[PDB]
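A.B. asks: See work10.txt below, with compact mmCIF, C-alpha atoms.
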```
# COMPACT_ATOMS: atom_id res chain seq x y z
CA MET A 1 -41.26 -85.17 59.74
CA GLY A 2 -43.89 -84.45 57.11
CA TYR A 3 -47.61 -83.83 57.61
CA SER A 4 -49.21 -85.11 54.40
CA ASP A 5 -47.92 -88.62 53.73
CA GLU A 6 -51.43 -89.47 52.55
CA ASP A 7 -51.02 -87.06 49.64
CA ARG A 8 -47.69 -88.62 48.66
CA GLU A 9 -49.43 -91.95 48.07
CA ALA A 10 -51.42 -90.27 45.29
CA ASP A 11 -48.28 -89.60 43.25
CA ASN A 12 -46.76 -92.97 44.15
CA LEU A 13 -49.93 -94.77 43.08
CA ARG A 14 -49.25 -93.54 39.55
CA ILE A 15 -45.71 -94.94 39.55
CA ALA A 16 -46.87 -98.42 40.56
CA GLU A 17 -49.89 -98.24 38.27
CA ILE A 18 -47.62 -97.48 35.31
CA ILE A 19 -45.57 -100.62 35.94
CA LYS A 20 -48.60 -102.87 36.40
CA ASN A 21 -50.27 -101.22 33.41
CA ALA A 22 -47.20 -102.10 31.35
CA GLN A 23 -46.15 -105.52 30.07
CA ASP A 24 -44.80 -105.17 26.53
CA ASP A 25 -41.73 -103.23 25.42
CA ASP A 26 -43.67 -100.67 23.39
CA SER A 27 -46.14 -100.19 26.24
CA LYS A 28 -43.45 -99.84 28.91
CA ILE A 29 -41.15 -97.66 26.80
CA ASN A 30 -44.08 -95.43 25.85
CA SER A 31 -45.43 -95.48 29.40
CA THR A 32 -42.03 -94.43 30.74
CA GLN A 33 -42.74 -90.93 29.44
CA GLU A 34 -45.64 -90.59 31.87
CA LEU A 35 -43.38 -91.77 34.70
CA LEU A 36 -41.08 -88.80 34.10
CA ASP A 37 -43.97 -86.47 34.93
CA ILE A 38 -44.04 -87.90 38.45
CA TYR A 39 -40.36 -87.01 38.80
CA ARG A 40 -40.82 -83.29 38.15
CA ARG A 41 -43.53 -83.37 40.81
CA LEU A 42 -40.77 -83.75 43.41
CA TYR A 43 -38.69 -80.92 41.95
CA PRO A 44 -40.41 -78.01 43.74
CA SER A 45 -37.60 -77.21 46.17
CA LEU A 46 -35.19 -80.15 46.25
CA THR A 47 -31.67 -79.65 47.59
CA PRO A 48 -28.36 -80.79 46.05
CA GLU A 49 -27.30 -82.81 49.10
CA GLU A 50 -30.71 -84.46 49.50
CA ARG A 51 -31.22 -85.01 45.77
CA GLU A 52 -27.87 -86.81 45.87
CA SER A 53 -29.68 -89.90 47.14
CA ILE A 54 -31.72 -90.23 43.95
CA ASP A 55 -28.70 -89.35 41.82
CA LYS A 56 -27.00 -92.48 43.16
CA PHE A 57 -29.76 -94.40 41.39
CA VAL A 58 -29.55 -92.57 38.06
CA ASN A 59 -26.18 -90.86 37.61
CA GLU A 60 -24.02 -93.93 38.18
CA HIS A 61 -26.77 -96.56 38.25
CA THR A 62 -28.96 -95.94 35.20
CA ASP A 63 -28.26 -95.46 31.49
CA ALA A 64 -29.04 -92.63 29.08
CA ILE A 65 -30.99 -92.66 25.81
CA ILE A 66 -28.92 -91.63 22.80
CA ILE A 67 -31.16 -90.15 20.10
CA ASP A 68 -30.18 -87.69 17.38
CA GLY A 69 -26.73 -87.18 18.87
CA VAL A 70 -28.43 -85.64 21.89
CA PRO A 71 -28.61 -88.14 24.78
CA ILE A 72 -30.17 -87.28 28.14
CA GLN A 73 -28.59 -87.38 31.60
CA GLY A 74 -30.14 -88.27 34.94
CA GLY A 75 -32.02 -91.43 34.05
CA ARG A 76 -35.06 -90.23 32.12
CA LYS A 77 -36.82 -90.41 28.75
CA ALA A 78 -37.15 -87.15 26.81
CA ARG A 79 -39.94 -86.38 24.35
CA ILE A 80 -38.69 -87.54 20.95
CA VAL A 81 -41.37 -87.97 18.28
CA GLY A 82 -40.43 -88.86 14.72
CA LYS A 83 -36.65 -88.75 15.02
CA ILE A 84 -33.61 -90.56 13.63
CA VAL A 85 -33.53 -93.02 16.53
CA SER A 86 -32.38 -96.64 16.40
CA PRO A 87 -33.98 -99.90 17.61
CA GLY A 88 -31.07 -100.34 20.00
CA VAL A 89 -31.77 -97.14 21.93
CA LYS A 90 -35.56 -97.43 21.92
CA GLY A 91 -35.32 -100.59 24.00
CA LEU A 92 -32.88 -99.03 26.46
CA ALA A 93 -35.71 -96.76 27.60
CA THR A 94 -37.56 -99.86 28.79
CA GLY A 95 -34.65 -100.95 30.97
CA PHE A 96 -34.88 -97.74 32.98
CA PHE A 97 -38.68 -97.65 32.83
CA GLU A 98 -38.96 -100.63 35.17
CA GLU A 99 -36.12 -99.55 37.46
CA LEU A 100 -37.54 -96.02 37.52
CA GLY A 101 -40.67 -97.39 39.17
CA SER A 102 -38.72 -98.59 42.20
CA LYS A 103 -36.68 -95.39 42.39
CA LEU A 104 -39.77 -93.17 42.43
CA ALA A 105 -41.01 -95.38 45.27
CA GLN A 106 -38.55 -93.84 47.75
CA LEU A 107 -39.06 -90.38 46.26
CA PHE A 108 -42.61 -90.60 47.60
CA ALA A 109 -41.14 -89.90 51.03
CA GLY A 110 -40.81 -86.15 50.55
CA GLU A 111 -43.35 -84.09 48.63
CA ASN A 112 -44.91 -83.35 45.24
CA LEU A 113 -46.17 -80.60 42.93
CA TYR A 114 -48.66 -81.02 40.09
CA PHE A 115 -48.66 -78.57 37.18
CA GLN A 116 -49.38 -78.60 33.45
```
As C-alpha cells, what does this structure read like?
C.D. replies:
Amino acid sequence: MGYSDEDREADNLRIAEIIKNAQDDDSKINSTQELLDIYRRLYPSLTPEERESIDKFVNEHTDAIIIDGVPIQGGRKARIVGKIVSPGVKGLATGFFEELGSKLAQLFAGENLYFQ
C-alpha cells in the first residue's frame, strides 16, 4: 500500500536500538523518554479507527505513571524532572519501556514525521 517502507525502517531502528541500548532500570526508564518521540512521529494524520489498533496495546494493555497527582494516559512517559515522585512509580515506567518497543514495531507499518 505504501511507497516508502525503507524510510519507516529508519524510525523503527531507533525503537530497537533503544531496547538494546538499555539494560538497567535507570537506563531503560530514562531511555523510555526517547522512545516516546518515535510515537509522535506517527501522529501526522492518524485516524481514530486505525489508531484503535495501537490503543488496544496501551489503553487496556499498558499502565500509567502516577506522578504529582497527574498520571498520564495512553501508555507513555511524560517529562517530569525534579518532582514529588515515588520509587514505586519510577519503576513502572520501565515495565512499559520494554513493551513499548514491541508496540512501536508494528507502528512502523504506516508512516512517520520528524520535527523538533
A.B. asks: Compile the contact shell of residue A:115 as a ChimeraX atom specification: residues with an atom at most 12 Å away, counting only C-alpha atoms, same-chain residues fewer than 6 positions apart removed.
C.D. replies: /A:37-44
A.B. asks: With distances taken over all atoms listed in the file, which residue among A:72, A:89, A:13, A:66 lies nearest residue A:102?
C.D. replies: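 Among A:72, A:89, A:13, A:66, it is A:13 that comes nearest to residue A:102.
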A.B. asks: If I take atom CA of residue A:62 and atom CA of residue A:75, how far is one from the other in Å, to one decimal?
C.D. replies: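 Going from atom CA of residue A:62 over to atom CA of residue A:75, I get 5.6 Å.
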A.B. asks: Using all atoms listed in the file and a cutoff of 7 Å, can you tell me which residues are near (-34.1, -97.6, 34.6) in the file's coordinates, and write them out as a list in words?
C.D. replies: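 It turns out the residues near that spot are residues 62, 63, 75, 95, 96, 97, 98, 99 and 100 of chain A.
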A.B. asks: Quick check, in Å to one decimal: how far apart do atom CA of residue A:3 and atom CA of residue A:45 lie?
C.D. replies: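 Going from atom CA of residue A:3 over to atom CA of residue A:45 covers 16.6 Å.
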A.B. asks: Using all atoms listed in the file, which of the listed residues (A:85, A:92, A:80, A:15) sits closest to residue A:107?
C.D. replies: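 Looking at the shortest contact to residue A:107, the residue is A:15.
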A.B. asks: Taking all atoms listed in the file into account, which of A:58, A:109, A:81, A:93 comes nearest residue A:32?
C.D. replies: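 Going through A:58, A:109, A:81, A:93 one by one, the smallest distance to residue A:32 is for A:93.
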A.B. asks: Restricting the calculation to only C-alpha atoms: of A:113, A:64, A:19, A:105, which residue gets closest to residue A:34?
C.D. replies: A:19
A.B. asks: Could you check how far atom CA of residue A:70 sits from atom CA of residue A:86, in Å to one decimal?
C.D. replies: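 Straight-line distance from atom CA of residue A:70 to atom CA of residue A:86 works out to 12.9 Å.
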A.B. asks: Between A:12, A:106, A:94, A:111, which one has atoms that come closest to residue A:24, using all atoms listed in the file?
C.D. replies: A:94
A.B. asks: Smallest atom-to-atom distance to residue A:35: which of A:55, A:17, A:68, A:7, using all atoms listed in the file?
C.D. replies: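 So, comparing all the options, the nearest one is A:17.
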A.B. asks: Axis-aligned box over every listed atom of stretch 60-73 of chain A, padded by 4 Å per side: centre and edges in Å to one decimal, as JSON?
C.D. replies:
```
{"center_x": -27.6, "center_y": -91.1, "center_z": 27.8, "size_x": 15.1, "size_y": 18.9, "size_z": 28.9}
```
